[PDB]
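Included below are structure tokens for two forms of one protein chain, each presented in isolation as structure 1 and structure 2.
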Structure 1
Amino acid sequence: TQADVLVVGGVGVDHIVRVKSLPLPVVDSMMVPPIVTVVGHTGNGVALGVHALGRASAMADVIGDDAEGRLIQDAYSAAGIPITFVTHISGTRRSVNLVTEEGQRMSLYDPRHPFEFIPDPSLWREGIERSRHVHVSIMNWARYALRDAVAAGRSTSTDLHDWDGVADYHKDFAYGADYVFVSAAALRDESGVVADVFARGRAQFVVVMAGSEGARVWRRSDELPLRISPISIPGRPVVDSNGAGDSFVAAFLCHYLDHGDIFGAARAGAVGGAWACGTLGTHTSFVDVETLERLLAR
């Protein structure tokens, strides 16, 4: 097999509960509509996003030998998407997501796996070799997969999410990947952290994702960021800003591996992000090629 983008880590299972309002009314118990179990989470989005754009994605991760684990397996099977895994006693990552009619989406994340577990590198090595780009989730063990992906001469990316710019946990990913993505939300002195990443890391550029006010792209030796205005899709207004980041990354990677322009890949990402934001956290939806091209041309 051969993949455009290998995703390492992050697959999990979401249990979605529709509630009247957030904050929750003050009661001992309340009846809710059917609670759906779906595949969701941070890494799963990039793989599905890549696949939706007609590129070949794949996944390497640690799941559980449990019902949710088999659920993930079968779900990946239904798509054209190869998945390589080992199982650990602690079981599959899972979440409960509280969503409302509004779109405000509370998420209770269960990381599940022991922090200090490190799998046999056989989990990622064949994938890395059969893959063109490797996107690496900040699962604690995946830091060694990142190591290998660089060593194998594949281009790498990673998504730091809410990182404050000081914490040591993220630094290996921040300093070890070619294309680094991070949320602006927890970023005290953006330009400082960015400079630090260039000082101490191998990053070719850094994409900051600020949601509402779009995204900023920092490159080496540019004192100023390319500013990317957020994108509005007629008929598909913002309803849920949860899950945008993975759709942004997926589209960025697909465009960039195709065309090679950082500026244009950033706008592709912005479209992808906007598309996810216009989707109801009840159904899974990723921009396809036809729509991306249409919107990008505008």
Structure 2
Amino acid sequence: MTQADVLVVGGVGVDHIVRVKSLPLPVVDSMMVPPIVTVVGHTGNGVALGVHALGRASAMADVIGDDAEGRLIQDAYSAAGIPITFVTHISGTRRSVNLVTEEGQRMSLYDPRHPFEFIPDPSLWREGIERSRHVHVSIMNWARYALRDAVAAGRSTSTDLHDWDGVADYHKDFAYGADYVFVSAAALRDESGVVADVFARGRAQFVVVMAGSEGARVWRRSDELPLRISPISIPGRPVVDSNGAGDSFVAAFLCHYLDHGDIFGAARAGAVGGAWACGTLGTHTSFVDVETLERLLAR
């Protein structure tokens, strides 16, 4: 209802976390695992929580289900002080089963669940856009038009492409359409070439590549080479689950860049918080606050 700093569009669901000895899975008919937790998650949700956790004002706009999980999300967001605007789809809330090893390897078994061709009433995101400084668009299929609207409304825009080929046409609208572009180095064949293209064919102001344990890479039009942002080791806090890490990174970065306009400072800030999300198990269970950030950012 009120002004928000970051509007997140889409990307809230439910995650089922199974801790396994190692990946690829053994050859068995039945294997016993430690407790399988069920948490609210998915990329958009991560960013929103992270922003809110940093004292800033976030807000959600997504398609959830008339599920039990839809309602879990609903008053989970009411538990925190986070505005959520949703429409319910018959097909139900997105959810996923994530396999995690005790050393960090992650595989995600993802259930988008919504009709690929489905578009919610644009008022879903359009009202958010009027009351928001920045818009983070998560790569739900319909969310592309939110980005379209957001840019047209002269809001700063961001997106997370996640694993993306660097080739596929699906992600492309987000890659070329958003001001600040985040993507995981995971499936990138020619990062150099992919970045260069985005700069050429899109309104990408800069491109931040997240590469797990080896940190993150920041690309600028001005620099032919990426600025390398080393991963942060937290004194007292070891890595447990790198799920929600990207979203946490993004959350910190945005919050920092919205205030300072320093791109590297924000990248450093994102490296923290990204690292903080690793000290906890379970996607989007723990986020860094302001006080904790500034202490570690002096470090």
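Definition used throughout: the rigid core is the maximal C-alpha set that superposes within 1.5 Å between two forms. For numbering, take structure 1's sequence and count from 1.
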| query | finding |
| --- | --- |
| Conformational change between the two structures, one of 118, 108, 152, 185, C-alpha moving 2 Å or more after core fit | 108 |
| C-alpha of residue 235 off by 2 Å or more between the two structures on rigid core | no |
| Core-aligned C-alpha movement of residue 22 between the two structures, 2 Å or more | yes |
| Post core alignment: residue 257 C-alpha displaced by 2 Å or more between the two structures | no |
| Shift in Å of the C-alpha at residue 221 between the two structures after core superposition | 2.5 |
| Between the two structures, C-alpha offset at residue 282 (rigid core aligned, Å) | 8.2 |
| Core-referenced Cα shift (Å), residue 31, between the two structures | 6.5 |
